[PDB]
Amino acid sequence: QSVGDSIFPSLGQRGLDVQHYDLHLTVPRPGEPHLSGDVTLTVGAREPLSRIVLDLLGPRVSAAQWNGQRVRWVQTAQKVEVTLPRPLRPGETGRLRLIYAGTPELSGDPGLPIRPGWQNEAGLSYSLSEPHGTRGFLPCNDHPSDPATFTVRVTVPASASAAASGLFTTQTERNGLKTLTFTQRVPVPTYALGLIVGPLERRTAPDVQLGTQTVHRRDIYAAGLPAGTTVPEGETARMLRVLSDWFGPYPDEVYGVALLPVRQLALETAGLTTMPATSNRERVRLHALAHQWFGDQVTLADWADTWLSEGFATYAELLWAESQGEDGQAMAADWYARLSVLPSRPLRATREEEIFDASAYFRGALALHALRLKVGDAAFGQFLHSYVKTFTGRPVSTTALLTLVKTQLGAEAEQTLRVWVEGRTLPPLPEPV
């Protein structure tokens, strides 16, 4: 029934393929968790589905429709189950509309660096939902194996404003209320959906041209940011070219950061990174941008493989440093140092406390470093292009990476990667031959 995640075995519904969320969210008082929702899901299926089971934690569903007609539905625990008049079969799509309202619940999971879900602090409400927090404010197939496109229609008080992932199209105002529309036109995981409401100002920058591709530029500045909370002029343009030259074209139409005056980790929300000021650094801005490839475009099949996103996003830091004339080998040496005093575990996490631990970031990065040094920069750069392509539209797993390594680069490169992926060992620091 569920996706069957090795870490979160209850989230999601197997075979469900959500393709588009058309969400109308109304936030009455930014900074307080209550809200109302009006979402229509365009869903497909990999297998016949008698029921559409979505994740939801907090708000209560009031009405449900399927293809425009009233439909039977039940909200049970952290799930909303919708009985279809006839099974949804592969190849066909339907429209599931849900009216809901209430208070999103935060998922205070024990081993996570954050409490994912609808955040509320200092007159600001925003989503920081990795891994399984999106279900708090949106009925969803809450798993990274099922990315989807988003159209969000945010209704807020006139005094406030809002920003979501995707290009901002229209804004209307009536009876002292404001409505902003954003369209995320490239599929990304539920936790990758940016959504911020409160005192914030949009700021655009000139377009960035990456060959034939055009990437729009805009940043969000919330009120009350600390002095010096900025984006260095020209930095994001240079970062885009360096990373896109390694990975392939930037997968989205816009990029920027949403600088918040709060104290929290940064989240790679699609095309608009949720960036609390206490994390606004050059290597975190590069990190978040790298995740637009590894994490938002290339999505995980199982939360045990977070190193496919964090290790890849961490290695981009080394590539960016080298692009700026720095010694990347010395950065890899720092990674090893923070590992040589920590125990080992395979890269595939077995419990929730490990999915965002030091090994998922640095041991995964050093795994890529070991592979790169074994095949050469040219072969390694070509694999990263092939890796992204191979896993666009298809969730990535550790097994699939090793297979692609074996297929593309040979068994020796594979065994080098397998030493770091499997083994419960800390291998020696990868150094140039």
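In case it trips you up, residue 1 is the first one in the sequence shown, and so on. Rigid core (definition): largest C-alpha set, two forms, superposition within 1.5 Å.
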| query | finding |
| --- | --- |
| Outlying stretch relative to shown form, 89-97 versus 336-344 in 5 other deposited structures of this protein, C-alpha RMS (core) | 336-344 |
| Stretch departing more from the displayed form, 112-120 or 137-145, Cα RMS in 5 other deposited structures of this protein (core fit) | 112-120 |
| Given 186-194 and 78-86, the range whose Cα B-factors average higher in the PDB entry | 78-86 |
| 153-161 versus 267-275 - greater average Cα B-factor per the deposited record | 153-161 |
| Residue selected from 148, 337, 316, 140 by maximal Cα B factor | 337 |
| Highest recorded Cα temperature factor - choice among 248, 111, 144, 256 | 111 |
| Residue 16, C-alpha B-factor rank within chain (lowest, middle or highest third) | lowest |
| For residue 6, the third of its chain into which the C-alpha B factor falls | lowest |
| Record-listed C-alpha B factor of residue 311: chain third | lowest |
| Cα B factor band for residue 132 (lowest, middle or highest third within the chain) | middle |
| Position of residue 302 among the chain's modelled residues by C-alpha B-factor, lowest, middle or highest third | lowest |
